[PDB]
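J.: Dumping the structure here so I can ask a few things about it.
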Amino acid sequence: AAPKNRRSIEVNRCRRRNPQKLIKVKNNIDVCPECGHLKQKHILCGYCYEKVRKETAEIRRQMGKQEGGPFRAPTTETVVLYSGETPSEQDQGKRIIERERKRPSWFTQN
Amino acid sequence: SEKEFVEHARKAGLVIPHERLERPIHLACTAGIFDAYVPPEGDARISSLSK
Amino acid sequence: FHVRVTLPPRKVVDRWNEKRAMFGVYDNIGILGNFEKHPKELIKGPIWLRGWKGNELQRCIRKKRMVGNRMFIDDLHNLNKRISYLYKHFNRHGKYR
Amino acid sequence: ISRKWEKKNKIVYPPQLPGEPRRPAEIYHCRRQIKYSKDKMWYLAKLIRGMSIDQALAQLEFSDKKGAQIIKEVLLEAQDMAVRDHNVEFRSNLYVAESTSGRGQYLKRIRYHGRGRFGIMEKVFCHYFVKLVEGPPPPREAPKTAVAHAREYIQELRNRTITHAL
Amino acid sequence: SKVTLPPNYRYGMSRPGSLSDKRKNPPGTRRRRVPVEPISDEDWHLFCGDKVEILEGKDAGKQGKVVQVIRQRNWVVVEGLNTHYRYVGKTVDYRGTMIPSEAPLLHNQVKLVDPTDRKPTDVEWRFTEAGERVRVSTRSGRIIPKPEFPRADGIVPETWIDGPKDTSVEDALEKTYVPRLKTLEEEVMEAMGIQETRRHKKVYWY
RNA sequence: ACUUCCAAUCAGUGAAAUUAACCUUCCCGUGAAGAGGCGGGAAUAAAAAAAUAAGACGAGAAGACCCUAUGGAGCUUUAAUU
RNA sequence: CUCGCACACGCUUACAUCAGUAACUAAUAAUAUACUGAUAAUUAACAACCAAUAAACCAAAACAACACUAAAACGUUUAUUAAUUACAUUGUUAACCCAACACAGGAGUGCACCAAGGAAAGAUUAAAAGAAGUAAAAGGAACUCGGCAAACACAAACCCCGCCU
RNA sequence: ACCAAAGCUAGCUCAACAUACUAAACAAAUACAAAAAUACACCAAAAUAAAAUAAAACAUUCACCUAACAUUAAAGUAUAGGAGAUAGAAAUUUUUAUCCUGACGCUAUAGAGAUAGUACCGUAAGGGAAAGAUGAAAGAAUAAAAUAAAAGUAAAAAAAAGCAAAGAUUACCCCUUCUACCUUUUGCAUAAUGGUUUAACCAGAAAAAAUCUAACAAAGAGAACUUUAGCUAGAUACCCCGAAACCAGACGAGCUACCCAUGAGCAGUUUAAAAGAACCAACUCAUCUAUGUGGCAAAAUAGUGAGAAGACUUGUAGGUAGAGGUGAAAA
Ligand SMILES: [K+]
Ligand SMILES: [K+]
Ligand SMILES: [K+]
Ligand SMILES: [K+]
Ligand SMILES: [K+]
Ligand SMILES: [K+]
Ligand SMILES: [K+]
Ligand SMILES: [K+]
Ligand SMILES: [K+]
Ligand SMILES: [Mg+2]
Ligand SMILES: [Mg+2]
Ligand SMILES: [Mg+2]
Ligand SMILES: [Mg+2]
Ligand SMILES: [Mg+2]
Ligand SMILES: [Mg+2]
Ligand SMILES: [Mg+2]
Ligand SMILES: [Mg+2]
Ligand SMILES: [Mg+2]
Ligand SMILES: [Mg+2]
Ligand SMILES: [Mg+2]
Ligand SMILES: [Mg+2]
Ligand SMILES: [Mg+2]
Ligand SMILES: [Mg+2]
Ligand SMILES: [Mg+2]
Ligand SMILES: [Mg+2]
Ligand SMILES: [Mg+2]
Ligand SMILES: [Mg+2]
Ligand SMILES: [Mg+2]
Ligand SMILES: [Mg+2]
Ligand SMILES: [Mg+2]
Ligand SMILES: [Mg+2]
Ligand SMILES: [Mg+2]
Ligand SMILES: [Mg+2]
Ligand SMILES: [Mg+2]
Ligand SMILES: [Mg+2]
Ligand SMILES: [Mg+2]
Ligand SMILES: [Mg+2]
Ligand SMILES: [Mg+2]
Ligand SMILES: [Mg+2]
Ligand SMILES: [Mg+2]
Ligand SMILES: [Mg+2]
Ligand SMILES: [Mg+2]
Ligand SMILES: [Mg+2]
Ligand SMILES: [Mg+2]
Ligand SMILES: [Mg+2]
Ligand SMILES: [Mg+2]
Ligand SMILES: [Mg+2]
Ligand SMILES: [Mg+2]
Ligand SMILES: [Mg+2]
Ligand SMILES: [Mg+2]
Ligand SMILES: [Mg+2]
Ligand SMILES: [Mg+2]
Ligand SMILES: [Mg+2]
Ligand SMILES: [Mg+2]
Ligand SMILES: [Mg+2]
Ligand SMILES: [Mg+2]
Ligand SMILES: [Mg+2]
Ligand SMILES: [Mg+2]
Ligand SMILES: [Mg+2]
Ligand SMILES: [Mg+2]
Ligand SMILES: [Mg+2]
Ligand SMILES: [Mg+2]
Ligand SMILES: [Mg+2]
Ligand SMILES: [Mg+2]
Ligand SMILES: [Mg+2]
Ligand SMILES: [Mg+2]
Ligand SMILES: [Mg+2]
Ligand SMILES: [Mg+2]
Ligand SMILES: [Mg+2]
Ligand SMILES: [Mg+2]
Ligand SMILES: [Mg+2]
Ligand SMILES: [Mg+2]
Ligand SMILES: [Mg+2]
Ligand SMILES: [Mg+2]
Ligand SMILES: [Mg+2]
Ligand SMILES: [Mg+2]
Ligand SMILES: [Zn+2]
């Protein structure tokens, strides 16, 4: 079908500015206690997660160099140790990942 | 249909154009100060004395 | 319909130059000259229009008669088409007839 | 083309006599030739009218529109101008007084359909204009109450005069 | 190397093959033609290096030295008299080296200055009995010598040192030509002892 | 009944036929003889999204049918001229 | 999930290295075989170019032994001449060509069907209508112009018009 | 407030004068498939122009329409014409040289098509564009000045009811009164035609007889003619867009119809068979239905089908050209 007449701008403005078609505001925005940036209540902080993801990639990159083959996987548990630390008695019998940087604050040793 | 945009402004400098100036730039005054005078630290108190 | 927004430089025309002061001086050469030169022997312009007047058809015909052999190929063709169209329009068209 | 929004920041007002009310700051900023469309950019501009700059950035932080990032950059760089180029302290004391979207220069292309037909394609470009004014945001107007409607109606019935009287 | 220019062109104190000129005038543009009064090469009495006096502008009555002449638009550029100020060093976080720049002047605003009285005087070319074209003043009636100016190369022939690939003046002016009626082909062949016996056959030209 | 491509919501790019102005209802009557607009009455806060195609004599092609034009052309011959 | 390598014909640097993409090109983004700037490249053995006259000679290709009817591309030797003298010239890239498009179309030969080449879904919800596919109670053409379409069927016979390919 | 607006040059037109008329560039290569130094040749040619149109049809005829050596008159006269349309001379007459040339011609939708026969669309003949704006200096781009005035949007979505307006009113509506505009018709709000809106551009033209004004008047006119108040001069006049067609000369058989050269394909299976036999692929046609209908596609995709050792498919290259070619006739 084809339109019969040109829509006037008075009609178009009513349709294009109806409250349904407008952008709704968000009232669930909060400041992250740790870093002070912005995040939603039900969503993890973007800055804090990006902080973790960068560190996780570095740890995984070190693991790749410790298993050259593409089908080599450990048969035991894994523990990550940073500079200035030594494996504990309970941590023995597990593969050791060494990182040169100082242990990050958020990461907690057990 | 084959119409595009023009007028993107950028400032590029090379040694060659600067060395090819037919008339060298004339400077009315020098750039820096030849020697900086070093006043004695007591001028804040000597200024209160006339002679 | 946008008009210019700046006043143009006014044309300072001098009414007393050589052309305007001496305009139409020898128009009465025949009257006051023992009738030796008709005033039509002062007209400057086309060869076929010195001292002659006519409508569009008689002008194109006259041009072809005098300077027809001196015209260019393309100009000679365009003149022929103009003569034919005017001949057909003036005689075979119109209101009063 | 026309560029008058940029030149509004060069207006210098005469010095104020002592005792006069403090003049709130006014910062005019804009961005030209944004790839985003004119109509789509308008909804984002309508969103942040009348809100303070800090909550205006918060709303545009999580918006999924491609223009949300573009507007947030404009507000951030306009805030830096306000606190440095102008003597506006308290960089959190600004509110978006006016925001709107204009149309730029379009590029025309050919869009093919089939059967040897074609349609002219318009590459869309839009501008964004924002004005920041120092001070707390103005309070939004509440709907007229029951007493307000009654007061206007009684006043209307009291303005009546004898039509075609004498 | 010679650079071809469009039939209509605008000159702005920049050489045609410069990046500044290309930035100012892109190859795809053409502007309005300015009115330039025609001066024949025999009527241009203003050269580069002679003192001239500025008549009109912010500075009037001052004298200076001509450094550049634009023959295409009939311009003479004095050395730092009709000056406007611009910036040269520009970057994101720094600006400086404020350098005055001299604006062009037309021929009608510049009159040549006689060496003796140091006043502007009309100049007309005259042909003397010695066969040399020397400019002659109107009021004082004294001739004005040509303004010897250093060339654009910046090399003075008076002070020069011959390099490894430079020919000495003695060898350059040494004459060894013996004008005989043998071509260069014949002379070299007999100089090195190249001997040829057979001759070419008949070849038809058409 | 159940899957995939469509579909509806979100993000990016973004076309076409169409369009006198429209603030674009129902019924009966009238009327260039089938009315959203006239007359007599009824109904009637304003907008958005998704659907079904009765009407806008819907959109598309200056009707192929039919006739007219001292307007054309193809074919055939016992038409006229040759 | 499967049209893959190469030559001929065509196109003409669209190929390669490095850098940039606010915008232009890709019908979007990342990004770069496809847009911009600089630099660089295809090396002949393969292919093109690559003698004349006179004379002898009825006897097919099809594994060709020997035959068929439609009677068949495909040359050697003798004689008379032929500049005789390292290295000549030219084609060597590609994701490509003809269709207004980076189009589900059109495109000859050799060898493989892969050891090679590629990605049907941008993210969700799982309404109607529409397209494509699978399955079904009892009945099995009751549908409809017609058994059109679909099918666990893949058969038998009559007539009309043309003989048949 | 965006989009936009404004400018005056580039050059062009019509003449005049005028040398006397294929410019500029030609180092090398240019009619082998042009721009490729180099081998026994063939080389070349002409036959009245026709028709669209006018006669309201159309057959004899139809100005200019290739080749005139002009102007003032004889004259639109003698003559030639389906004696219709219209065509139309001559005898005999007139004409004093050089300068005085420039513009009551246009100014970027104008003027040449032109910034250019270049991009681009066509195999080819051929068709053929849009596009420029600062200032004395941008070697004054933290750069400057100017209108902020077209449609379209933003600033500022809408509140019963009606050709959107008018009469008004303290008050925007509410009330009352009014069947859009042109064209075409006996008659249109008509559900008859055309237009989304804006800017630019686009369509009445001729002086025989006449009327008005004036000069001079039995005579008028700066020769040639008209004259029983007439003669000379001025002023007052008659459009634009559109067919199917017709004729002449070019360019097209790289798609397709047919043919001449030169090549290349047909595996398996069944039979004494390479038999215009049979089953079934590659390959070639396109039966039926469904999607698609500005689509992937200006004829396709999916399923299903017919031929598949022949009157078969197919590559390269050549031949036949419009009063024709070609055709296992479907005009
Ligand atoms: K007439
Ligand atoms: K309907
Ligand atoms: K190519
Ligand atoms: K039946
Ligand atoms: K109709
Ligand atoms: K009509
Ligand atoms: K009309
Ligand atoms: K051929
Ligand atoms: K297709
Ligand atoms: Mg196509
Ligand atoms: Mg449109
Ligand atoms: Mg559009
Ligand atoms: Mg969307
Ligand atoms: Mg309504
Ligand atoms: Mg009715
Ligand atoms: Mg009523
Ligand atoms: Mg009514
Ligand atoms: Mg929808
Ligand atoms: Mg709907
Ligand atoms: Mg209606
Ligand atoms: Mg209907
Ligand atoms: Mg219709
Ligand atoms: Mg009709
Ligand atoms: Mg019929
Ligand atoms: Mg009749
Ligand atoms: Mg007829
Ligand atoms: Mg006819
Ligand atoms: Mg015919
Ligand atoms: Mg007969
Ligand atoms: Mg191409
Ligand atoms: Mg892509
Ligand atoms: Mg890269
Ligand atoms: Mg590249
Ligand atoms: Mg496409
Ligand atoms: Mg995909
Ligand atoms: Mg999708
Ligand atoms: Mg469904
Ligand atoms: Mg089934
Ligand atoms: Mg069942
Ligand atoms: Mg039945
Ligand atoms: Mg039934
Ligand atoms: Mg049937
Ligand atoms: Mg079936
Ligand atoms: Mg029967
Ligand atoms: Mg048959
Ligand atoms: Mg039979
Ligand atoms: Mg006729
Ligand atoms: Mg007629
Ligand atoms: Mg004729
Ligand atoms: Mg007779
Ligand atoms: Mg033009
Ligand atoms: Mg104009
Ligand atoms: Mg406007
Ligand atoms: Mg009303
Ligand atoms: Mg009526
Ligand atoms: Mg009627
Ligand atoms: Mg009438
Ligand atoms: Mg109508
Ligand atoms: Mg009609
Ligand atoms: Mg219409
Ligand atoms: Mg008369
Ligand atoms: Mg005829
Ligand atoms: Mg013909
Ligand atoms: Mg062929
Ligand atoms: Mg076989
Ligand atoms: Mg068979
Ligand atoms: Mg198929
Ligand atoms: Mg199918
Ligand atoms: Mg099926
Ligand atoms: Mg079969
Ligand atoms: Mg069979
Ligand atoms: Mg031919
Ligand atoms: Mg024929
Ligand atoms: Mg056939
Ligand atoms: Mg038949
Ligand atoms: Mg038939
Ligand atoms: Zn955080």
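Reconstructed Cβ throughout: ideal geometry from the backbone, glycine too, with neighbour counts over all protein chains shown. Throughout, read-outs are computed from the coordinates displayed, never taken from laboratory work.
For (1) in contact with a strand residue (DSSP E or B) (Cβ under 9 Å, 6 or more places away or on another chain); (2) surrounded by fewer than 11 Cβ atoms within 10 Å (Cβ to Cβ), each residue gets a yes or a no:
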{"residue": "D:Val88", "(1), (2)": "yes, no"}
{"residue": "D:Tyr112", "(1), (2)": "yes, yes"}
{"residue": "D:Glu134", "(1), (2)": "yes, no"}
{"residue": "D:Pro139", "(1), (2)": "no, yes"}
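J.: Identify, please: which residue in the range C:58-83 is over 20 Å from the mean Cα position of the chain (by Cα) and loosely packed, with under 11 Cβ neighbours inside 10 Å and is, among those, farthest from ligand 12 (Cβ to nearest atom)?
T.: Among those that are over 20 Å from the mean Cα position of the chain (by Cα) and loosely packed, with under 11 Cβ neighbours inside 10 Å, it is C:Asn69.
J.: Can you tell which of C:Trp52, C:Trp16 is under 30 Å from C:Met71 (Cβ atoms) and either charged (D, E, K, R) or free of Cβ contacts under 8 Å to residues at least 60 places away in the same chain (or both)? Full working, then the answer.
T.: Numbers: C:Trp16 fails: under 30 Å from C:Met71 (Cβ atoms).
Of the residues listed, the single one that is under 30 Å from C:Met71 (Cβ atoms) and either charged (D, E, K, R) or free of Cβ contacts under 8 Å to residues at least 60 places away in the same chain (or both) is C:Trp52.
J.: Could you grab me the full set of residues in the range A:72-90 that are of a type in the set (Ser, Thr, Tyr) and part of a strand (DSSP E or B)?
T.: Taking the range A:72-90 and keeping what is of a type in the set (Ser, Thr, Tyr), we get A:75-76, A:78, A:82-83, A:86, A:88.
A:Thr78, A:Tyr82 - these are the residues of the range A:72-90 that are of a type in the set (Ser, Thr, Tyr) and part of a strand (DSSP E or B).
J.: Looking only at the range E:44-78, count how many residues are under 17 Å from the mean Cα position of the chain (by Cα) and on the phi < 0 side of the Ramachandran plot. Explain how you work it out, then say what you get.
T.: Initially, the range E:44-78 is screened for residues under 17 Å from the mean Cα position of the chain (by Cα), giving E:44-50, E:65-78.
Now drop any that are not on the phi < 0 side of the Ramachandran plot, which leaves E:44-48, E:50, E:65-73, E:75-78.
Selection size over the range E:44-78: 19.
J.: Let me ask something additional. Return only the number of the condition from (1) in a loop (DSSP other than H, G, I, E, B); (2) near RNA strand H (Cβ under 10 Å from one of its atoms); (3) among the polar types (S, T, N, Q); (4) within 14 Å of another protein chain (Cβ to nearest Cβ) that D:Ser63 does not satisfy.
T.: Only one criterion is unmet by D:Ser63, namely (2).
J.: Under the condition of being outside any strand (DSSP E or B) and surrounded by 16 or more Cβ atoms within 10 Å (Cβ to Cβ), which residue from the range E:80-92 is nearest to the chain's Cα centre (by Cα)?
T.: Keep residues of the range E:80-92 that are outside any strand (DSSP E or B), which gives E:80-82, E:87-89, E:91-92.
Then keep just the ones that are surrounded by 16 or more Cβ atoms within 10 Å (Cβ to Cβ); that gives E:80-82.
Working: E:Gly80: 20, E:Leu81: 22, E:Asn82: 22 Å.
That would be E:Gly80.
Residues checked against (1) over 30 Å from B:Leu21 (Cα atoms); (2) of a type outside the set (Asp, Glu); (3) surrounded by 11 or more Cβ atoms within 10 Å (Cβ to Cβ):
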site	(1), (2), (3)
E:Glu129	yes, no, no
E:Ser137	yes, yes, yes
E:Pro145	no, yes, no
E:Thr159	no, yes, no
E:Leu181	yes, yes, no
E:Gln195	yes, yes, no
E:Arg199	yes, yes, no
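J.: Name every residue in the range D:76-116 that is away from every other protein chain (no Cβ under 14 Å) and part of a helix (DSSP H, G or I), in order of residue number.
T.: Once the filter is applied, which keeps residues that are away from every other protein chain (no Cβ under 14 Å) and part of a helix (DSSP H, G or I), the range D:76-116 yields D:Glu77, D:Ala78, D:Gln79, D:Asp80, D:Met81, D:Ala82, D:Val83.
J.: A further question follows. All but one of (1) in contact with an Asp or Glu (Cβ under 8 Å, 6 or more places away or on another chain); (2) in a helix (DSSP H, G or I) hold for D:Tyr28; state the number of the condition that does not hold.
T.: Here D:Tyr28 clears every test but (2).
J.: Based on what the data block shows, is D:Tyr153 more than 11 Å from RNA strand G (Cβ to nearest atom), out of contact with any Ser or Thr (no Cβ under 7 Å at 6 or more places or on another chain) and among the aromatic types (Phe, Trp, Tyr)? Give the steps one after another, and end with the answer.
T.: Details: more than 11 Å from RNA strand G (Cβ to nearest atom): yes; out of contact with any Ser or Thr (no Cβ under 7 Å at 6 or more places or on another chain): yes; among the aromatic types (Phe, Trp, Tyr): yes.
Yes; evaluated as a whole, the condition is true for this residue.
J.: Looking at the range D:117-131 only, could you name the residues that are part of a loop (DSSP other than H, G, I, E, B) and near RNA strand F (Cβ under 7 Å from one of its atoms)? Lay out the reasoning, then the answer.
T.: We begin by selecting, within the range D:117-131, every residue part of a loop (DSSP other than H, G, I, E, B); these are D:124-125.
Within the range D:117-131, just D:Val124 meets the criteria.
J.: Restricting to the range E:93-110, name every residue that is surrounded by fewer than 18 Cβ atoms within 10 Å (Cβ to Cβ) and within 10 Å of chain B (Cβ to nearest Cβ).
T.: Answer for the range E:93-110, where residues must be surrounded by fewer than 18 Cβ atoms within 10 Å (Cβ to Cβ) and within 10 Å of chain B (Cβ to nearest Cβ): E:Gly96, E:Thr97, E:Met98, E:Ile99, E:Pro100, E:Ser101.
J.: Shifting gears a bit: In the range D:104-124, how many are in contact (Cβ under 8 Å) with a residue 24 or more places away in the chain and either within 13 Å of ligand 12 (Cβ to nearest atom) or more than 18 Å from the chain's Cα centre (by Cα) (or both)?
T.: Initial filter on the range D:104-124 (in contact (Cβ under 8 Å) with a residue 24 or more places away in the chain): D:104-105, D:124.
So of that shortlist, the ones also either within 13 Å of ligand 12 (Cβ to nearest atom) or more than 18 Å from the chain's Cα centre (by Cα) (or both) come out as D:105, D:124.
Looking only at that region, the number is 2.
J.: Kindly provide the set of residues from the range D:125-160 that are under 30 Å from D:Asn93 (Cα atoms) and within 16 Å of ligand 12 (Cβ to nearest atom), ordered by number. So that I can check it myself, show each step before the final result.
T.: Taking the range D:125-160 and keeping what is under 30 Å from D:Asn93 (Cα atoms), we get D:126-144.
If the condition is that a residue be under 30 Å from D:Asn93 (Cα atoms) and within 16 Å of ligand 12 (Cβ to nearest atom), then D:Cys126 is the only one that fits.
J.: So, A:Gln20, is that one within 16 Å of RNA strand F (Cβ to nearest atom), polar (S, T, N, Q), under 21 Å from the mean Cα position of the chain (by Cα) and on the phi < 0 side of the Ramachandran plot or not?
T.: Details: within 16 Å of RNA strand F (Cβ to nearest atom): yes; polar (S, T, N, Q): yes; under 21 Å from the mean Cα position of the chain (by Cα): no; on the phi < 0 side of the Ramachandran plot: yes.
No; evaluated as a whole, the condition is false for this residue.
J.: Restricting attention to the range A:91-101, does a residue exist that is more than 30 Å from D:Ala58 (Cα to Cα), assigned to a loop (DSSP other than H, G, I, E, B), more than 14 Å from chain D (Cβ to nearest Cβ) and in contact with a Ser or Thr (Cβ under 6 Å, 6 or more places away or on another chain)?
T.: From the range A:91-101, those more than 30 Å from D:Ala58 (Cα to Cα) are A:91-101; that's our starting set.
Within this subset, residues satisfying the condition of being assigned to a loop (DSSP other than H, G, I, E, B) are A:91-94, A:100-101.
Next, from what is left, pick out any that are more than 14 Å from chain D (Cβ to nearest Cβ): A:91-94, A:100-101.
Subset that is in contact with a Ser or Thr (Cβ under 6 Å, 6 or more places away or on another chain): A:94, A:100.
Yes.
J.: Still on this structure: Is it the case that the range A:8-15 has a residue that's more than 16 Å from ligand 12 (Cβ to nearest atom) and assigned to a loop (DSSP other than H, G, I, E, B)?
T.: The answer is yes; a qualifying residue exists.
J.: Separate question: Any residue at all in the range E:144-153 that's within 30 Å of E:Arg33 (Cβ to Cβ) and away from every other protein chain (no Cβ under 14 Å)? Let's see the steps before the verdict.
T.: Step one: list which residues in the range E:144-153 are within 30 Å of E:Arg33 (Cβ to Cβ), which gives E:152.
The next check asks that each one be away from every other protein chain (no Cβ under 14 Å); those that pass are none.
Looking for residues that are within 30 Å of E:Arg33 (Cβ to Cβ) and away from every other protein chain (no Cβ under 14 Å), one finds none in the range E:144-153, hence no.
J.: Okay, moving on. Would you be able to tell me the number of residues in the range A:1-28 that are away from RNA strand H (no atom under 11 Å from the Cβ) and either surrounded by 10 or more Cβ atoms within 10 Å (Cβ to Cβ) or in contact (Cβ under 8 Å) with a residue 60 or more places away in the chain (or both)?
T.: Total meeting the criteria: 4.
J.: Condition first: of a type in the set (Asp, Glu) and in a loop (DSSP other than H, G, I, E, B). Now tell me which residues in the range B:1-26 satisfy that. Please lay out each step first, then the result.
T.: We begin by selecting, within the range B:1-26, every residue of a type in the set (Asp, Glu); these are B:2, B:4, B:7, B:19, B:22.
Answer for the range B:1-26, where residues must be of a type in the set (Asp, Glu) and in a loop (DSSP other than H, G, I, E, B): B:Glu2, B:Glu4, B:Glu7, B:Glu22.
J.: Also, quick follow-up: Residues of the range B:1-45 being more than 14 Å from chain D (Cβ to nearest Cβ) and surrounded by 10 or more Cβ atoms within 10 Å (Cβ to Cβ), which ones? Steps first, answer last, please.
T.: Looking only at the range B:1-45, we keep the residues that are more than 14 Å from chain D (Cβ to nearest Cβ), and these are B:10-45.
Passing the criteria: B:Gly13, B:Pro17, B:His18, B:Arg20, B:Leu21, B:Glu22, B:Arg23, B:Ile25, B:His26, B:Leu27, B:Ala28.
J.: Give the range D:31-60 a look and list any residue that's within 14 Å of chain A (Cβ to nearest Cβ) and not in a helix (DSSP H, G or I), or say none.
T.: Those that are within 14 Å of chain A (Cβ to nearest Cβ) and not in a helix (DSSP H, G or I): D:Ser37, D:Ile48, D:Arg49, D:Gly50, D:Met51, D:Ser52.
J.: Looking at B:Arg23, B:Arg10, can you tell me which residue is closer than 30 Å to E:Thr83 by Cβ and in contact with a strand residue (DSSP E or B) (Cβ under 6 Å, 6 or more places away or on another chain)? Quick ask: steps written out before the conclusion?
T.: Details: B:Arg10 fails: in contact with a strand residue (DSSP E or B) (Cβ under 6 Å, 6 or more places away or on another chain).
Just a single option satisfies the conditions, and that option is B:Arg23.
J.: Do any helices (runs of 4 or more DSSP H) lying entirely in chain C carry at least 1 residues that are polar (S, T, N, Q), and which ones are they?
T.: Those helices (runs of 4 or more DSSP H) span C:56-67, C:73-92.
J.: Go through the range A:35-71 and give me each residue that's exposed (fewer than 13 other Cβ atoms within 10 Å of the Cβ), part of a loop (DSSP other than H, G, I, E, B) and either within 16 Å of ligand 77 (Cβ to nearest atom) or under 11 Å from the mean Cα position of the chain (by Cα) (or both).
T.: Hits for the range A:35-71 are A:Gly36, A:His37, A:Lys41, A:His42, A:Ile43, A:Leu44.
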